[PDB]
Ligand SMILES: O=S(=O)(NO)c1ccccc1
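Take a look at this single chain in structure tokens; it is the form deposited without this ligand.
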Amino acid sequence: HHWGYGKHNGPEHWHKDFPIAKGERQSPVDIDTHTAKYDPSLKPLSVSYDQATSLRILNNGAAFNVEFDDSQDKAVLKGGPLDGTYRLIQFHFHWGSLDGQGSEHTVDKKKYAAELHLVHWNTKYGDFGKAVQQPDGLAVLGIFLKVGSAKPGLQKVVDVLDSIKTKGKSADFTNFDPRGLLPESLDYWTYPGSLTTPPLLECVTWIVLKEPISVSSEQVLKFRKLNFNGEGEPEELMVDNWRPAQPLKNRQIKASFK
């Protein structure tokens, strides 16, 4: 009886196995744009993904992850509210059963159809495992998805989902360029938070982009065909794999723009 997104093992139940769920810096949160503080000292984000090397795509029962080779500084994030270099290890999405919900973070209570999370770890800690033991060990770049025009750069991902329909399945996924998933502007909001799935560790510096990317109804529909279940068990569609907004507590959201 492990964690999930169902009525008996959903987000409201996570605190029993992961007490940190009721912690001081949990994510996601609602971004109140009028209370966010413009910080002139925040430097522009530096995204260097030209040398990225994707390796595999897999269904882990909660979402699907596209993993990258992080043995060298091939795809890194620098600048912004960050000190040092952060290496990209994987990206995944959270989505809903309908176009009106799916994102984890909200903007003035508005929910988007999905949210993309590019996960990076601080290279000064040597590896991901060590990074998750530090308060500044991870940096997650969050991008909202709205339904409208199709995103060409996302198609290669949607076309392989059929091969990893059930939990545990994985497939080679090389030469995928994540630059095709980025919006025009890099304006962002940032705040200290946590991973949005167990273990819910509080080691994340969140960088949420203000500009969402558009994807087509057909593309998001393919996400909804995945299964939470594995093997040959009762089919349970992988939808609404998002966590509700958490208390901001003693935290301030900063904006790179005004």
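Numbering starts at 1 and runs along the sequence shown.
Q. Should the higher mean CA B-factor in the entry be assigned to 187 to 195 or to 225 to 233?
A. Mean CA B-factor is higher for 225 to 233.
(Q) Quick check on the record: does 105 to 113 or 68 to 76 carry the larger mean Cα temperature factor? (A) Comparing 68 to 76 with 105 to 113, the higher mean C-alpha B-factor belongs to 68 to 76.
Q: Between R179, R87, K169, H92, let me know which has the highest C-alpha B-factor in the entry?
A: Top of the list by C-alpha B-factor: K169.
Q: By the entry's C-alpha temperature factors, tell me which of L82, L138, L141, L154 sits highest.
A: The listed residue with the largest C-alpha B-factor is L82.
(Q) Using only modelled residues of the chain, where does the Cα B factor of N122 rank: lowest third, middle third or highest third? (A) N122: CA B-factor falls in the lowest third of its chain.
Q. Within this chain, which third does the Cα B-factor at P212 fall in: lowest, middle or highest?
A. As the PDB entry reports it, the C-alpha B-factor of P212 lands in the lowest third of its chain.
**Q.** Third of the chain, ranked by Cα B-factor, where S46 sits
**A.** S46: CA B-factor falls in the highest third of its chain.
Q: Going by the recorded CA B-factors, say which third of the chain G61 sits in, lowest, middle or highest.
A: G61: CA B-factor falls in the middle third of its chain.
(Q) Ranking every modelled residue in this chain by its Cα temperature factor as given in the entry, which third contains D32? (A) CA B-factor rank for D32: middle third.
The same protein has a further form, the form deposited with this ligand bound, not shown here; the description that follows concerns it.
**Q.** Partner proximity in the deposited bound form: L58 to this ligand, non-hydrogen atom cutoff 4.5 Å
**A.** Contact check for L58: yes, within 4.5 Å of this ligand in the deposited bound form.
Q) Is there a heavy atom of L138 no more than 4.5 Å from a heavy atom of this ligand in the deposited bound form? A) Because a heavy atom of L138 falls inside 4.5 Å of this ligand in the deposited bound form, the answer is yes.
Q) Does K249 reach this ligand in the deposited bound form if we count a contact as any heavy atom within 4.5 Å? A) The answer is no: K249 has no heavy atom within 4.5 Å of this ligand.
Q) Is there a heavy atom of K151 no more than 4.5 Å from a heavy atom of this ligand in the deposited bound form? A) Although this ligand is absent here, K151 would stay clear of it in the deposited bound form, with no heavy atoms inside 4.5 Å.
Q) Mind listing which residues of 190 to 206 have a heavy atom within 4.5 Å of this ligand in the deposited bound form? A) Result: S194, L195, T196, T197, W206.
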